[PDB]
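Notes to accompany the following structure.
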Amino acid sequence: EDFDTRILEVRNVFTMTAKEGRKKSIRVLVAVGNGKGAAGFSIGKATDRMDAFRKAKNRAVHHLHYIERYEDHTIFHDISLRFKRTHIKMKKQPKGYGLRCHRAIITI
Amino acid sequence: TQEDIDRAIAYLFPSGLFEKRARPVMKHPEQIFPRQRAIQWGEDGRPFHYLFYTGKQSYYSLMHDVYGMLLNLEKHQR
Amino acid sequence: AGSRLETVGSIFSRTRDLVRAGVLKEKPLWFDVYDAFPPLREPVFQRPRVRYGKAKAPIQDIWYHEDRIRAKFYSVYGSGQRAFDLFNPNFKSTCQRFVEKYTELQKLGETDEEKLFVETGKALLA
Amino acid sequence: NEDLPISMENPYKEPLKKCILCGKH
Amino acid sequence: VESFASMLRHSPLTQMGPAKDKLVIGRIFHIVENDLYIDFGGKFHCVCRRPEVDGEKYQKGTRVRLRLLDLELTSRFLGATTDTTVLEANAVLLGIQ
Amino acid sequence: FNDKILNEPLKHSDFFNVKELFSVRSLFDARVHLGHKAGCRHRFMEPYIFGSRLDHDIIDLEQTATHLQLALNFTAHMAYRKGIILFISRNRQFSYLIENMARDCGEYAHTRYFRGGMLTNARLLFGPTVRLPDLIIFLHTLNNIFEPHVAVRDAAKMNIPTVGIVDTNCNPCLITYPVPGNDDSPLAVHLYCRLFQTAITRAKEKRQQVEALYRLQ
Ligand SMILES: [Zn+2]
Ligand SMILES: [Zn+2]
């Protein structure tokens with residue numbers, strides 16, 4: 001219960017069916033964390049809301065990760081990698097700057 | 001015995017449903033209610049066999065016993 | 001029930017940092033057991049790529065000194081006709097005894113080993 | 001020293017694997 | 001813990017060298033349903049059926065001579081970049097004693 | 001203070017005389033320093049594979065002996081706390097003997113098919129509160145098909161330090177205690193299983209004795 005779950009992306013993916021055809025589906029992605037260096041993504045999708053939310057919560061609390069953080073302000077150094085297509089360009093700044101980045105990254 | 005149940009169904013329980021399952025067949029559920037695997041562990045786990053994680057440990061244990069008897073017989077000689 | 005994603009490698013550090021966080025309230029039991037006896041090659045999750053180009057694997061081919069002795073014995077005379085057990089360690093028979101005698105007579109020869117080879121062959125055959 | 005595996009001159013070498021024209025044109 | 005060099009040198013599998021036309025004697029490691037997988041050290045065991053000439057003496061702890069032929073049995077087929085092993089040997093049987 | 005079980009027996013190496021149960025000679029006499037063909041050799045298996053004898057790999061005896069010592073010590077100290085050890089052997093080469101040894105000891109085996117999650121989804125097919133195995137000793141991780149046992153991924157997905165009698169055809173990628181050795185010879189597996197039986201039996205006996213003596217305090 002100490003973990004604080006938050007909603008991130010919710011796309012209106014139209015999944016096929018049979019008798020009705022294209023039906024609006026949702027792809028849930030919850031981030032399980034609670035400060036101190038804990039964080040964990042999620043996986044799963046469905047057409048409902050609370051069902052997919054709790055499914056993502058379960059799949060996230062199952063596969064968790066405690067990022068070895070430094071102190072309650074910043075990590076250790078700047079990391080730069082290329083995950084397939086994305087580009088990570090993080091910068092380490094001291095107290096007096098603020099979380100200036102994507103709202104999703106801000107929540108993370 | 002079944003005489004009382006028959007008399008009851010004949011007098012104070014005549015349903016009339018064509019079916020044979022939904023009819024009044026009140027009986028002691030001590031034998032009707034099926035049973036399932038009771039406890040599968042005790043003091044700090046410890047199942048009832050070494051093939052517990054294989055699913056259906058009873059069947060695999062019986063198969064292993066049959067194989068042991070096969071090897072013993074080999075050593076000896078609907 | 002703990003961090004299990006095989007992205008890092010070993011689970012010891014994962015469980016340690018998780019317990020340090022606050023999730024795992026009570027430790028299991030294997031903590032001290034792993035702390036007392038660490039492994040040799042840690043299972044660091046490294047990309048198990050396939051050897052493509054020049055990425056060779058310097059694996060030496062084992063070759064003992066008895067190779068030439070056996071080659072000569074099987075070329076001059078017939079092939080291995082003696083019954084070899086090979087179950088118990090360092091078994092002995094007739095061809096194995098001949099190989100052992102040859103190894104005992106090798107080196108310390110210099111002159112010519114074919115002489116001793118033919119001598120032992122004629123002594124074993126006649 | 002001698003009881004260790006040391007790559008020798010690779011024995012068990014078959015002569016020239018001649019097909020049919022070993023030496024008759 | 002004795003000498004590691006001498007132990008690695010003098011060993012049955014290494015003493016027998018490249019198994020090729022070597023009459024090896026051994027026992028059966030496990031009774032087969034209708035075969036005769038006789039063991040004899042080496043890297044693998046031969047595979048065959050019960051012979052017509054005396055096929056009862058073969059017991060778990062007997063001594064019957066073999067021939068040892070091809071202890072590897074492998075061949076790169078079509079696209080399989082690796083090998084296709086069979087865990088057999090296949091050798092011509094001699095007899096008993 | 002009855003918590004000495006987590007300090008006293010763990011402050012010494014080979015407390016149960018594990019180094020004496022076997023040795024370099026015991027392995028050389030069982031033909032454990034052998035390996036399959038070098039055709040499908042794994043990348044991470046090259047350091048262990050010392051040399052080869054005409055398409056026949058040979059593993060160094062010292063490395064295998066050290067791996068055996070470490071694995072047996074870990075298994076004994078885990079059984080010292082009822083460490084549920086799990087055996088695996090789908091090759092059918094010695095499933096009978098492995099199961100008999102597991103019966104003689106307090107460990108279990110999974111030498112049968114891996115159905116819908118036996119360790120990752122053990123809450124449906126079994127009870128809800130069931131202590132999962134904290135150690136898996138892969139007796140024969142190579143099944144009949146050209147593919148290692150899938151239980152390694154399930155163990156990695158549940159935080160379980162697994163032991164494995166790896167070989168040339170194996171993939172020691174996530175195994176915490178890889179044990180290189182031969183898997184074709186019968187005497188090798190016989191010695192493996194005998195050592196396992198003796199080690200776990202002595203571990204359980206010492207566990208009972210020392211735990212009783214400590215709780216008596
Ligand atoms: Zn030609
Ligand atoms: Zn092998």
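Chains: A, B, ... in order of the structure tokens. Residues: from 1 per chain. Ligands: from 1, in order shown.
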Long-range neighbours of residue B:23 as an mmCIF file with N, CA and C atoms, in the first residue's frame, 10 Å cut-off, only C-alpha atoms, 5 positions minimum in chain:
```
data_model
loop_
_atom_site.group_PDB
_atom_site.id
_atom_site.type_symbol
_atom_site.label_atom_id
_atom_site.label_comp_id
_atom_site.auth_asym_id
_atom_site.auth_seq_id
_atom_site.Cartn_x
_atom_site.Cartn_y
_atom_site.Cartn_z
ATOM 1 N N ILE B 9 -40.621 -38.344 -1.509
ATOM 2 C CA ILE B 9 -40.740 -37.883 -2.889
ATOM 3 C C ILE B 9 -42.110 -38.226 -3.453
ATOM 4 N N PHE B 13 -43.181 -34.362 -1.783
ATOM 5 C CA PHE B 13 -42.225 -33.755 -2.700
ATOM 6 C C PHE B 13 -42.464 -34.238 -4.128
ATOM 7 N N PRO B 14 -43.669 -34.043 -4.691
ATOM 8 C CA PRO B 14 -43.882 -34.398 -6.099
ATOM 9 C C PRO B 14 -43.675 -33.214 -7.030
ATOM 10 N N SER B 15 -42.448 -33.038 -7.521
ATOM 11 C CA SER B 15 -42.150 -31.902 -8.388
ATOM 12 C C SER B 15 -42.868 -32.032 -9.726
ATOM 13 N N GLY B 16 -42.574 -33.095 -10.470
ATOM 14 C CA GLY B 16 -43.144 -33.298 -11.784
ATOM 15 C C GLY B 16 -42.268 -32.847 -12.931
ATOM 16 N N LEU B 17 -41.121 -32.234 -12.649
ATOM 17 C CA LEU B 17 -40.217 -31.813 -13.709
ATOM 18 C C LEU B 17 -39.795 -33.012 -14.546
ATOM 19 N N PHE B 18 -39.872 -32.861 -15.871
ATOM 20 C CA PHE B 18 -39.465 -33.944 -16.758
ATOM 21 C C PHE B 18 -38.018 -34.346 -16.502
#
```
Would you mind listing what lies within 12 Å of residue E:51 as a PDB file with N, CA and C atoms, in the first residue's frame, with only C-alpha atoms counted and same-chain residues fewer than 2 positions away left out?
```pdb
ATOM      1  N   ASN E  34      14.119 -53.218 -26.192  1.00  0.00           N
ATOM      2  CA  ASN E  34      14.381 -54.257 -27.180  1.00  0.00           C
ATOM      3  C   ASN E  34      15.655 -53.953 -27.957  1.00  0.00           C
ATOM      4  N   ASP E  35      16.642 -53.370 -27.287  1.00  0.00           N
ATOM      5  CA  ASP E  35      17.911 -53.022 -27.916  1.00  0.00           C
ATOM      6  C   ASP E  35      19.036 -53.663 -27.105  1.00  0.00           C
ATOM      7  N   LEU E  36      20.245 -53.123 -27.248  1.00  0.00           N
ATOM      8  CA  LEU E  36      21.404 -53.649 -26.537  1.00  0.00           C
ATOM      9  C   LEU E  36      22.490 -52.585 -26.427  1.00  0.00           C
ATOM     10  N   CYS E  48      22.656 -51.119 -30.767  1.00  0.00           N
ATOM     11  CA  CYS E  48      22.317 -52.275 -31.591  1.00  0.00           C
ATOM     12  C   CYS E  48      21.250 -53.075 -30.853  1.00  0.00           C
ATOM     13  N   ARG E  49      20.858 -54.197 -31.447  1.00  0.00           N
ATOM     14  CA  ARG E  49      19.857 -55.088 -30.882  1.00  0.00           C
ATOM     15  C   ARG E  49      20.527 -56.369 -30.391  1.00  0.00           C
ATOM     16  N   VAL E  53      23.185 -65.110 -32.101  1.00  0.00           N
ATOM     17  CA  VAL E  53      24.146 -66.071 -31.569  1.00  0.00           C
ATOM     18  C   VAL E  53      24.406 -65.688 -30.115  1.00  0.00           C
ATOM     19  N   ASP E  54      23.789 -66.425 -29.192  1.00  0.00           N
ATOM     20  CA  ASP E  54      23.961 -66.177 -27.765  1.00  0.00           C
ATOM     21  C   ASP E  54      23.552 -64.755 -27.408  1.00  0.00           C
ATOM     22  N   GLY E  55      22.292 -64.574 -27.015  1.00  0.00           N
ATOM     23  CA  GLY E  55      21.789 -63.267 -26.640  1.00  0.00           C
ATOM     24  C   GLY E  55      21.156 -63.260 -25.264  1.00  0.00           C
ATOM     25  N   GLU E  56      21.776 -63.964 -24.317  1.00  0.00           N
ATOM     26  CA  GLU E  56      21.263 -64.040 -22.955  1.00  0.00           C
ATOM     27  C   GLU E  56      22.344 -63.669 -21.948  1.00  0.00           C
ATOM     28  N   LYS E  57      23.608 -63.920 -22.297  1.00  0.00           N
ATOM     29  CA  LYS E  57      24.708 -63.599 -21.397  1.00  0.00           C
ATOM     30  C   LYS E  57      24.814 -62.104 -21.127  1.00  0.00           C
ATOM     31  N   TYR E  58      24.287 -61.266 -22.019  1.00  0.00           N
ATOM     32  CA  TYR E  58      24.337 -59.822 -21.833  1.00  0.00           C
ATOM     33  C   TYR E  58      23.574 -59.420 -20.577  1.00  0.00           C
ATOM     34  N   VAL E  92      30.308 -52.462 -34.946  1.00  0.00           N
ATOM     35  CA  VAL E  92      30.034 -53.856 -35.276  1.00  0.00           C
ATOM     36  C   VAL E  92      30.328 -54.719 -34.057  1.00  0.00           C
ATOM     37  N   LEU E  93      29.363 -55.554 -33.679  1.00  0.00           N
ATOM     38  CA  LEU E  93      29.522 -56.421 -32.520  1.00  0.00           C
ATOM     39  C   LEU E  93      30.302 -57.673 -32.896  1.00  0.00           C
ATOM     40  N   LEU E  94      31.120 -58.151 -31.958  1.00  0.00           N
ATOM     41  CA  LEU E  94      31.917 -59.351 -32.175  1.00  0.00           C
ATOM     42  C   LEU E  94      31.208 -60.575 -31.608  1.00  0.00           C
ATOM     43  N   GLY E  95      31.183 -60.694 -30.284  1.00  0.00           N
ATOM     44  CA  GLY E  95      30.538 -61.818 -29.636  1.00  0.00           C
ATOM     45  C   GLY E  95      30.559 -61.712 -28.126  1.00  0.00           C
ATOM     46  N   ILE E  96      30.902 -62.810 -27.454  1.00  0.00           N
ATOM     47  CA  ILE E  96      30.972 -62.859 -25.999  1.00  0.00           C
ATOM     48  C   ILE E  96      32.335 -63.410 -25.607  1.00  0.00           C
TER      49      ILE E  96
END
```
Pull the closest atom pair for each residue of chain A that gets at most 8 Å from stretch 21-36 of chain C, along with the distance in Å to one decimal, counting only C-alpha atoms, ordering rows by chain and then ascending residue number, as a tab-separated table.
```
residue	atom	partner	partner_atom	distance
A:36	CA	C:21	CA	6.9
A:37	CA	C:21	CA	7.7
A:38	CA	C:21	CA	7.7
A:66	CA	C:21	CA	7.2
```
Would you write out those residues with N, CA and C atoms, as an mmCIF file, in the first residue's frame?
```cif
data_model
loop_
_atom_site.group_PDB
_atom_site.id
_atom_site.type_symbol
_atom_site.label_atom_id
_atom_site.label_comp_id
_atom_site.auth_asym_id
_atom_site.auth_seq_id
_atom_site.Cartn_x
_atom_site.Cartn_y
_atom_site.Cartn_z
ATOM 1 N N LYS A 36 12.554 7.656 -2.696
ATOM 2 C CA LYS A 36 13.705 6.950 -2.140
ATOM 3 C C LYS A 36 14.501 6.189 -3.193
ATOM 4 N N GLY A 37 14.066 6.180 -4.446
ATOM 5 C CA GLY A 37 14.753 5.477 -5.502
ATOM 6 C C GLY A 37 14.021 4.275 -6.077
ATOM 7 N N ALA A 38 12.715 4.158 -5.861
ATOM 8 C CA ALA A 38 11.932 3.039 -6.363
ATOM 9 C C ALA A 38 11.154 3.459 -7.603
ATOM 10 N N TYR A 66 14.639 -0.970 -7.638
ATOM 11 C CA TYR A 66 15.029 0.109 -6.732
ATOM 12 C C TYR A 66 16.310 0.728 -7.278
#
```
Find the residues of chain F in contact range of chain B, meaning any atom within 6 Å when counting only C-alpha atoms, and list them as number ranges by chain.
-> F: 108-110, 118, 131
Selection to disk with N, CA, C and O atoms, as a PDB file, in the first residue's frame:
```
ATOM      1  N   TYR F 108      13.236 -32.008  -3.323  1.00  0.00           N
ATOM      2  CA  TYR F 108      12.248 -32.417  -4.309  1.00  0.00           C
ATOM      3  C   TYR F 108      12.847 -32.293  -5.704  1.00  0.00           C
ATOM      4  O   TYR F 108      13.934 -31.740  -5.892  1.00  0.00           O
ATOM      5  N   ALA F 109      12.122 -32.818  -6.689  1.00  0.00           N
ATOM      6  CA  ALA F 109      12.583 -32.831  -8.068  1.00  0.00           C
ATOM      7  C   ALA F 109      11.443 -32.432  -8.993  1.00  0.00           C
ATOM      8  O   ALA F 109      10.266 -32.614  -8.670  1.00  0.00           O
ATOM      9  N   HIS F 110      11.810 -31.884 -10.152  1.00  0.00           N
ATOM     10  CA  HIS F 110      10.854 -31.479 -11.180  1.00  0.00           C
ATOM     11  C   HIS F 110      11.291 -32.062 -12.525  1.00  0.00           C
ATOM     12  O   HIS F 110      11.548 -31.347 -13.494  1.00  0.00           O
ATOM     13  N   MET F 118       4.885 -23.458 -12.994  1.00  0.00           N
ATOM     14  CA  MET F 118       4.968 -24.233 -11.763  1.00  0.00           C
ATOM     15  C   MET F 118       5.617 -23.463 -10.622  1.00  0.00           C
ATOM     16  O   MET F 118       5.436 -23.839  -9.458  1.00  0.00           O
ATOM     17  N   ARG F 131       5.756 -22.057   0.237  1.00  0.00           N
ATOM     18  CA  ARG F 131       7.136 -21.613   0.098  1.00  0.00           C
ATOM     19  C   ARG F 131       7.751 -22.201  -1.165  1.00  0.00           C
ATOM     20  O   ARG F 131       7.854 -23.423  -1.306  1.00  0.00           O
TER      21      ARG F 131
END
```
Which is closer to ligand 2 than all the others in F:134, F:57, F:104, F:154, using only C-alpha atoms and all ligand atoms?
-> F:57
Contacts to ligand 1 at 7 Å cut-off (only C-alpha atoms and all ligand atoms) as a PyMOL selection string | chain D and resi 18-22
Using only C-alpha atoms, which chain A residues lie at most 10 Å away from chain C, written as a list in words?
->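 Close to chain C, chain A has residues 2, 3, 34, 35, 36, 37, 38, 40, 61, 62, 63, 64, 65, 66, 67 and 68 of chain A.
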Could the residues in this selection be written to a file with N, CA, C and O atoms, as a CSV table (one decimal), in the first residue's frame?
```csv
chain,number,residue,atom,x,y,z
A,2,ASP,N,2.1,1.2,0.4
A,2,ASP,CA,3.0,2.4,0.4
A,2,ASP,C,3.3,2.9,-1.0
A,2,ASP,O,3.7,4.0,-1.1
A,3,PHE,N,3.2,2.0,-2.0
A,3,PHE,CA,3.5,2.5,-3.3
A,3,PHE,C,2.4,3.4,-3.9
A,3,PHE,O,1.2,3.2,-3.6
A,34,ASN,N,7.5,5.2,-5.0
A,34,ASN,CA,7.2,5.9,-3.8
A,34,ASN,C,8.4,6.6,-3.2
A,34,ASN,O,8.7,6.5,-2.0
A,35,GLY,N,9.2,7.3,-4.1
A,35,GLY,CA,10.4,8.0,-3.7
A,35,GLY,C,11.4,7.1,-3.2
A,35,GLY,O,11.3,5.8,-3.2
A,36,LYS,N,12.6,7.7,-2.7
A,36,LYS,CA,13.7,7.0,-2.1
A,36,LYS,C,14.5,6.2,-3.2
A,36,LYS,O,15.5,5.6,-2.9
A,37,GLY,N,14.1,6.2,-4.4
A,37,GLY,CA,14.8,5.5,-5.5
A,37,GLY,C,14.0,4.3,-6.1
A,37,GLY,O,14.7,3.4,-6.7
A,38,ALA,N,12.7,4.2,-5.9
A,38,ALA,CA,11.9,3.0,-6.4
A,38,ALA,C,11.2,3.5,-7.6
A,38,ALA,O,10.6,4.6,-7.7
A,40,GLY,N,9.1,1.4,-11.3
A,40,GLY,CA,8.8,0.2,-12.0
A,40,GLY,C,7.7,0.4,-13.0
A,40,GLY,O,6.6,0.8,-12.7
A,61,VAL,N,4.2,-4.3,-9.8
A,61,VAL,CA,4.7,-4.7,-8.4
A,61,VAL,C,5.4,-6.0,-8.5
A,61,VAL,O,6.3,-6.3,-7.7
A,62,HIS,N,5.1,-6.9,-9.5
A,62,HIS,CA,5.8,-8.1,-9.7
A,62,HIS,C,7.2,-7.9,-10.1
A,62,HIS,O,8.2,-8.3,-9.4
A,63,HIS,N,7.4,-7.1,-11.2
A,63,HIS,CA,8.7,-6.8,-11.7
A,63,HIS,C,9.0,-5.3,-11.3
A,63,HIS,O,8.6,-4.4,-12.0
A,64,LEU,N,9.7,-5.2,-10.2
A,64,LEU,CA,10.0,-3.9,-9.6
A,64,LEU,C,11.5,-3.7,-9.7
A,64,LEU,O,12.3,-4.6,-10.0
A,65,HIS,N,12.0,-2.4,-9.3
A,65,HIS,CA,13.4,-2.1,-9.4
A,65,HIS,C,13.6,-0.9,-8.4
A,65,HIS,O,12.8,0.1,-8.5
A,66,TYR,N,14.6,-1.0,-7.6
A,66,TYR,CA,15.0,0.1,-6.7
A,66,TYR,C,16.3,0.7,-7.3
A,66,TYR,O,17.4,0.2,-7.0
A,67,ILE,N,16.2,1.8,-8.0
A,67,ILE,CA,17.3,2.5,-8.6
A,67,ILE,C,18.3,3.0,-7.5
A,67,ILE,O,17.9,3.7,-6.6
A,68,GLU,N,19.5,2.5,-7.6
A,68,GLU,CA,20.5,2.9,-6.6
A,68,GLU,C,20.8,4.4,-6.8
A,68,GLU,O,21.6,4.9,-7.5
```
Produce as a PyMOL selection string the set of residues near ligand 2, where near means within 10 Å with only C-alpha atoms and all ligand atoms considered.
-> (chain E and resi 43-44+87) or (chain F and resi 31-37+56-58+167-169+181-185)
Please save N, CA and C atoms of the selected residues as a PDB file, in the first residue's frame.
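New file out29.pdb:
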```pdb
ATOM      1  N   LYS E  43      33.561 -41.829 -24.977  1.00  0.00           N
ATOM      2  CA  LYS E  43      32.665 -40.679 -24.963  1.00  0.00           C
ATOM      3  C   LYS E  43      31.202 -41.065 -25.115  1.00  0.00           C
ATOM      4  N   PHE E  44      30.912 -42.157 -25.818  1.00  0.00           N
ATOM      5  CA  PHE E  44      29.543 -42.612 -26.003  1.00  0.00           C
ATOM      6  C   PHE E  44      29.538 -44.134 -26.050  1.00  0.00           C
ATOM      7  N   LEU E  87      24.334 -38.642 -29.919  1.00  0.00           N
ATOM      8  CA  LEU E  87      24.673 -39.335 -28.676  1.00  0.00           C
ATOM      9  C   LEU E  87      24.672 -40.849 -28.883  1.00  0.00           C
TER      10      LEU E  87
ATOM     11  N   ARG F  31      35.455 -39.410 -14.950  1.00  0.00           N
ATOM     12  CA  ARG F  31      35.404 -38.854 -16.302  1.00  0.00           C
ATOM     13  C   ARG F  31      34.483 -37.635 -16.355  1.00  0.00           C
ATOM     14  N   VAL F  32      34.642 -36.746 -15.373  1.00  0.00           N
ATOM     15  CA  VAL F  32      33.845 -35.525 -15.326  1.00  0.00           C
ATOM     16  C   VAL F  32      34.437 -34.408 -16.177  1.00  0.00           C
ATOM     17  N   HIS F  33      35.732 -34.464 -16.484  1.00  0.00           N
ATOM     18  CA  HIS F  33      36.391 -33.432 -17.282  1.00  0.00           C
ATOM     19  C   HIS F  33      36.200 -33.632 -18.781  1.00  0.00           C
ATOM     20  N   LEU F  34      34.987 -33.958 -19.214  1.00  0.00           N
ATOM     21  CA  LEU F  34      34.682 -34.194 -20.616  1.00  0.00           C
ATOM     22  C   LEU F  34      33.616 -33.211 -21.085  1.00  0.00           C
ATOM     23  N   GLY F  35      33.443 -33.145 -22.403  1.00  0.00           N
ATOM     24  CA  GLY F  35      32.455 -32.261 -22.991  1.00  0.00           C
ATOM     25  C   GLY F  35      32.006 -32.775 -24.338  1.00  0.00           C
ATOM     26  N   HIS F  36      30.833 -32.312 -24.753  1.00  0.00           N
ATOM     27  CA  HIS F  36      30.254 -32.726 -26.025  1.00  0.00           C
ATOM     28  C   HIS F  36      31.065 -32.118 -27.171  1.00  0.00           C
ATOM     29  N   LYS F  37      30.564 -32.278 -28.393  1.00  0.00           N
ATOM     30  CA  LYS F  37      31.255 -31.743 -29.557  1.00  0.00           C
ATOM     31  C   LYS F  37      31.316 -30.221 -29.488  1.00  0.00           C
ATOM     32  N   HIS F  56      36.068 -33.163 -29.122  1.00  0.00           N
ATOM     33  CA  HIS F  56      35.635 -33.588 -27.789  1.00  0.00           C
ATOM     34  C   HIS F  56      36.258 -32.624 -26.786  1.00  0.00           C
ATOM     35  N   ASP F  57      35.428 -31.764 -26.198  1.00  0.00           N
ATOM     36  CA  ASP F  57      35.929 -30.748 -25.284  1.00  0.00           C
ATOM     37  C   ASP F  57      36.353 -31.371 -23.958  1.00  0.00           C
ATOM     38  N   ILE F  58      37.340 -30.743 -23.321  1.00  0.00           N
ATOM     39  CA  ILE F  58      37.849 -31.165 -22.021  1.00  0.00           C
ATOM     40  C   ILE F  58      37.896 -29.944 -21.115  1.00  0.00           C
ATOM     41  N   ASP F 167      27.353 -27.672 -19.243  1.00  0.00           N
ATOM     42  CA  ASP F 167      28.272 -28.388 -20.119  1.00  0.00           C
ATOM     43  C   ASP F 167      28.549 -27.499 -21.327  1.00  0.00           C
ATOM     44  N   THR F 168      29.005 -28.108 -22.426  1.00  0.00           N
ATOM     45  CA  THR F 168      29.305 -27.335 -23.626  1.00  0.00           C
ATOM     46  C   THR F 168      28.028 -26.896 -24.333  1.00  0.00           C
ATOM     47  N   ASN F 169      26.996 -27.736 -24.312  1.00  0.00           N
ATOM     48  CA  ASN F 169      25.728 -27.416 -24.958  1.00  0.00           C
ATOM     49  C   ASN F 169      24.834 -26.526 -24.105  1.00  0.00           C
ATOM     50  N   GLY F 181      30.830 -29.904 -16.311  1.00  0.00           N
ATOM     51  CA  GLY F 181      31.144 -31.312 -16.153  1.00  0.00           C
ATOM     52  C   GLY F 181      30.489 -32.121 -17.249  1.00  0.00           C
ATOM     53  N   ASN F 182      30.905 -33.381 -17.335  1.00  0.00           N
ATOM     54  CA  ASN F 182      30.369 -34.281 -18.343  1.00  0.00           C
ATOM     55  C   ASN F 182      28.963 -34.735 -17.967  1.00  0.00           C
ATOM     56  N   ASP F 183      28.152 -35.004 -18.992  1.00  0.00           N
ATOM     57  CA  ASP F 183      26.783 -35.456 -18.800  1.00  0.00           C
ATOM     58  C   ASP F 183      26.456 -36.726 -19.573  1.00  0.00           C
ATOM     59  N   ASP F 184      27.402 -37.270 -20.339  1.00  0.00           N
ATOM     60  CA  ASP F 184      27.160 -38.477 -21.119  1.00  0.00           C
ATOM     61  C   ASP F 184      27.556 -39.741 -20.365  1.00  0.00           C
ATOM     62  N   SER F 185      28.677 -39.708 -19.648  1.00  0.00           N
ATOM     63  CA  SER F 185      29.122 -40.879 -18.915  1.00  0.00           C
ATOM     64  C   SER F 185      28.157 -41.184 -17.768  1.00  0.00           C
TER      65      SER F 185
END
```
At most 6 Å is the cut-off: for each residue in chain C with any atom that close to an atom of chain E, write down the nearest atom pair and the distance in Å rounded to one decimal, counting only C-alpha atoms, chain first then increasing number, as CSV.
```
residue,atom,partner,partner_atom,distance
C:80,CA,E:22,CA,4.4
C:81,CA,E:23,CA,5.3
C:83,CA,E:24,CA,4.9
C:84,CA,E:24,CA,4.6
C:85,CA,E:25,CA,5.3
C:86,CA,E:41,CA,5.2
C:87,CA,E:41,CA,5.7
C:90,CA,E:11,CA,5.7
```
Which of F:158, F:101, F:21, F:76 sits closest to chain A [using only C-alpha atoms] = F:158
Spatial neighbours of residue A:60, max dist 8 Å, only C-alpha atoms, sep filter under 3 positions, as a ChimeraX atom specification = /A:30-32,40-43,56-57,63-64
Output file for the selection above: N, CA, C and O atoms, as a tab-separated table (two decimals), in the first residue's frame:
```tsv
chain	number	residue	atom	x	y	z
A	30	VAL	N	1.21	1.77	-15.96
A	30	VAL	CA	1.30	2.34	-14.62
A	30	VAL	C	2.76	2.33	-14.18
A	30	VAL	O	3.54	1.44	-14.54
A	31	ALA	N	3.13	3.34	-13.39
A	31	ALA	CA	4.47	3.47	-12.84
A	31	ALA	C	4.38	3.33	-11.32
A	31	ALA	O	3.82	4.20	-10.65
A	32	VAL	N	4.91	2.23	-10.80
A	32	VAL	CA	4.87	1.95	-9.37
A	32	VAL	C	6.11	2.54	-8.72
A	32	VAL	O	7.24	2.22	-9.11
A	40	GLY	N	9.06	1.38	-11.27
A	40	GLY	CA	8.77	0.18	-12.03
A	40	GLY	C	7.66	0.37	-13.05
A	40	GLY	O	6.57	0.82	-12.70
A	41	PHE	N	7.94	0.04	-14.30
A	41	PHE	CA	6.95	0.16	-15.36
A	41	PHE	C	5.92	-0.96	-15.25
A	41	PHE	O	5.94	-1.77	-14.33
A	42	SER	N	5.01	-1.00	-16.22
A	42	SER	CA	3.95	-2.00	-16.24
A	42	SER	C	3.68	-2.42	-17.68
A	42	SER	O	4.17	-1.80	-18.63
A	43	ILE	N	2.89	-3.48	-17.83
A	43	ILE	CA	2.54	-4.00	-19.15
A	43	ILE	C	1.16	-4.64	-19.06
A	43	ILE	O	0.78	-5.21	-18.03
A	56	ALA	N	-2.11	-3.78	-14.65
A	56	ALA	CA	-0.82	-3.11	-14.77
A	56	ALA	C	-0.15	-2.96	-13.41
A	56	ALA	O	1.07	-3.14	-13.28
A	57	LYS	N	-0.93	-2.63	-12.37
A	57	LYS	CA	-0.37	-2.53	-11.03
A	57	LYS	C	0.25	-3.85	-10.60
A	57	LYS	O	1.34	-3.87	-10.02
A	63	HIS	N	7.41	-7.14	-11.21
A	63	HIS	CA	8.74	-6.78	-11.71
A	63	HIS	C	9.02	-5.34	-11.29
A	63	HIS	O	8.64	-4.39	-11.97
A	64	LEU	N	9.70	-5.19	-10.16
A	64	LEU	CA	10.04	-3.88	-9.61
A	64	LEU	C	11.55	-3.67	-9.69
A	64	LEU	O	12.32	-4.56	-10.03
```
Could you list, as number ranges by chain, the residues of chain F having an atom within 10 Å of chain D when counting only C-alpha atoms?
-> F: 51-53
Any chance you could tabulate, as a tab-separated table, the residues of chain E at most 6 Å from chain F with each one's nearest atom pair and distance in Å to one decimal, using only C-alpha atoms, in chain and rising number order?
```
residue	atom	partner	partner_atom	distance
E:1	CA	F:24	CA	5.3
E:82	CA	F:40	CA	5.1
E:83	CA	F:39	CA	5.2
```
Residues just named, written with N, CA, C and O atoms as a PDB file, in the first residue's frame:
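Okay, out.pdb is ready:
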```
ATOM      1  N   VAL E   1      43.748 -34.692  -3.209  1.00  0.00           N
ATOM      2  CA  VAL E   1      44.192 -33.861  -4.321  1.00  0.00           C
ATOM      3  C   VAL E   1      45.634 -34.200  -4.676  1.00  0.00           C
ATOM      4  O   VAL E   1      46.568 -33.772  -3.998  1.00  0.00           O
ATOM      5  N   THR E  82      25.273 -24.950 -36.841  1.00  0.00           N
ATOM      6  CA  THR E  82      25.876 -25.802 -35.832  1.00  0.00           C
ATOM      7  C   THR E  82      25.777 -27.263 -36.269  1.00  0.00           C
ATOM      8  O   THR E  82      25.399 -27.573 -37.402  1.00  0.00           O
ATOM      9  N   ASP E  83      26.120 -28.172 -35.363  1.00  0.00           N
ATOM     10  CA  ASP E  83      26.085 -29.600 -35.632  1.00  0.00           C
ATOM     11  C   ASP E  83      24.813 -30.220 -35.065  1.00  0.00           C
ATOM     12  O   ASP E  83      24.127 -29.635 -34.223  1.00  0.00           O
TER      13      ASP E  83
END
```
